[PDB]
Amino acid sequence: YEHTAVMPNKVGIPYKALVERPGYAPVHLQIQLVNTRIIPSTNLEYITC
Amino acid sequence: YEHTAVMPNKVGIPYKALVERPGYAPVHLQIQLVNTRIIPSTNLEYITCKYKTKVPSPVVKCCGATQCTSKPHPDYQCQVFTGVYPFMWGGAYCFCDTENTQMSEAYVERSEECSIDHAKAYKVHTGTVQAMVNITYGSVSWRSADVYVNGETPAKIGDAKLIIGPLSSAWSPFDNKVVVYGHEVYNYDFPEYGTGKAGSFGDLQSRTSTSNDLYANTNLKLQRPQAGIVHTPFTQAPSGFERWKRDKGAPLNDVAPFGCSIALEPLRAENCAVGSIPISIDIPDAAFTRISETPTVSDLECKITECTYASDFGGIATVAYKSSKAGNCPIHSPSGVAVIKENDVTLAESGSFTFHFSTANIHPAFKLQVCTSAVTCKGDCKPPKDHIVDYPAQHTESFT
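Just so you know, the sequences run in chain order A and I. Numbering-wise, the deposited numbering puts 40 at position 40 of the first sequence, and it's gapless, one number per residue. Numbering-wise, the deposited numbering puts 2135 at position 135 of the second sequence, and it's gapless, one number per residue.
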């Protein structure tokens, strides 16, 4: 039942998928990507002023 | 109504057949072959164990020879020796220098461990298999009785009389020749009593533990003691019981086929799941309910709702029960496609009650006999995800 799901990157809205496990009752999702903060790899090269 | 039934030999799962007696209400079975302990016919041929060269203390004649004789001890090795000068606590003590004679003697004897830590050979025949068959029968709901397999033995324990087998699957997992050790049982071609090559298994071969006589081919060869000192060189193979504990083969409870377990107990081979058993029971007619007292259920409907194409009872199906009276209703799928967890379902006046089951065909088209009312519970099933735990309830794989 490991519910793989392609999923649009968009922040402020849930994505209520559905678990179709064969055998037991299905269960809904509610996946809201509340944030997409990134934090790339960087380097402080020089301050200027 | 003596309900003959071919029946798969498999231990840990009931076999809920259905009594279709014409005239009175049918009754379900629940036949769980809780055990398949075997106990073949056997013979204790010889215990073996590691020797102990329990040397009798040598003779030392000081001036001249002491001829040895072949005493009847097992493997009584004895060899006269001259040319000693035996240092014993005062330097030497025998005043001669070549006429100093030393007669070494050594025989083989059972260890003290031979009584307790000992391999054990057998010539193994087939014997007769057994079982503590539980039936939580009908409304009786209980009997846990020890039975046989030979197809005329009843066992009237509880109220039902039941005749089992003979099974068709005569694979005795024991071979003809077997060695046995504590609990690890080895289907080994032990050489024989009376023959075993020294070093090889059965260098010591005693009929039993008490048996003073034995066969000790240990290649026990005495050598002369060195440089005029008292001792007894015994040159000997360490036992074929010493090896056979660390250069052995693996145990039959770890190498057998068709699913058996073992004990150093009556020499059973438990739970050997193989083949079928033609089982037949004579129910007590008192336990029957007459047909005019159970609700007639026809004008019903059956359908799966979430069929699980699996082993555990994941298959389910509501049934639009359409009863006449209200009460219990034993159930069974006469087709072996579907195996059902519920033997019996309670009924109000034409309600609906789901049961559990398991199947092996994607499109389970199995009849369901709800206390004299057949119905096809046709549908479609789903594969599971989570397959690492003990053995199934389905056991019905066929062409699908």
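Positions of the beta carbon are idealized from the N, C-alpha and C atoms, including for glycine.
- Relative to the Cα of residue 2143(I), the nearest Cα in the group 2160(I), 2317(I), 2359(I), 2365(I) belongs to 2160(I).
- In the DSSP annotation of this structure, the continuous segment of the beta strand (DSSP E) that includes residue 2178(I) starts and ends at 2177 to 2181.
- Here residue 2016(I) is buried, its C-beta having at least 16 other C-beta atoms within 10 Å.
- Taken through DSSP and simplified to helix, strand or coil, residue 2229(I) comes out as strand.
- Taken in chain order, the unbroken stretches of beta strand (DSSP E) that lie wholly in the segment 2205 to 2291 of chain I and span 3 residues or more are 2214 to 2216, 2276 to 2282.
- Interface annotation for the segment 2350 to 2372 of chain I against chain A: empty, criterion Cβ-Cβ distance under 9 Å.
- Within the model, the alpha-carbon separation for residue 2389(I) versus residue 2312(I) is close to 10 Å.
- With 16 or more other Cβ atoms inside 10 Å of its own Cβ, residue 2333(I) counts as buried.
- By alpha-carbon distance to residue 2097(I), the top candidate from 2086(I), 2340(I), 2149(I), 2105(I) is 2086(I).
- In the three-state reduction of the DSSP assignment, residue 2113(I) falls in the helix class.
- Setting aside the 5 residues that flank it on each side, residue 2013(I) is surrounded in the same chain by 2393, each with a C-beta closer than 6 Å to its C-beta; the list follows chain order.
- Taking residue 2324(I) as the centre and dropping the five residues before and after it, the same chain places the C-beta of 2295, 2296 closer than 7 Å to its C-beta, in chain order.
- For residue 2275(I) against residue 2169(I), the beta-carbon gap comes to about 3 Å, under 8 Å, which counts as contact.
- For residue 20(A), the secondary structure class from DSSP, reduced to helix, strand or coil, is coil.
- Residue 2254(I) and residue 2241(I) have their alpha carbons spaced roughly 20 Å apart.
- Checking the DSSP bridge columns, you'll see residue 2044(I) partnered with 2122(I).
- Contact between residue 2076(I) and residue 2107(I) holds: their C-beta atoms lie close to 4 Å from each other, under 8 Å.
- Inter-segment contact for the segment 2353 to 2369 of chain I and the segment 2301 to 2316 of chain I is present: three or more beta-carbon pairs are separated by less than 8 Å.
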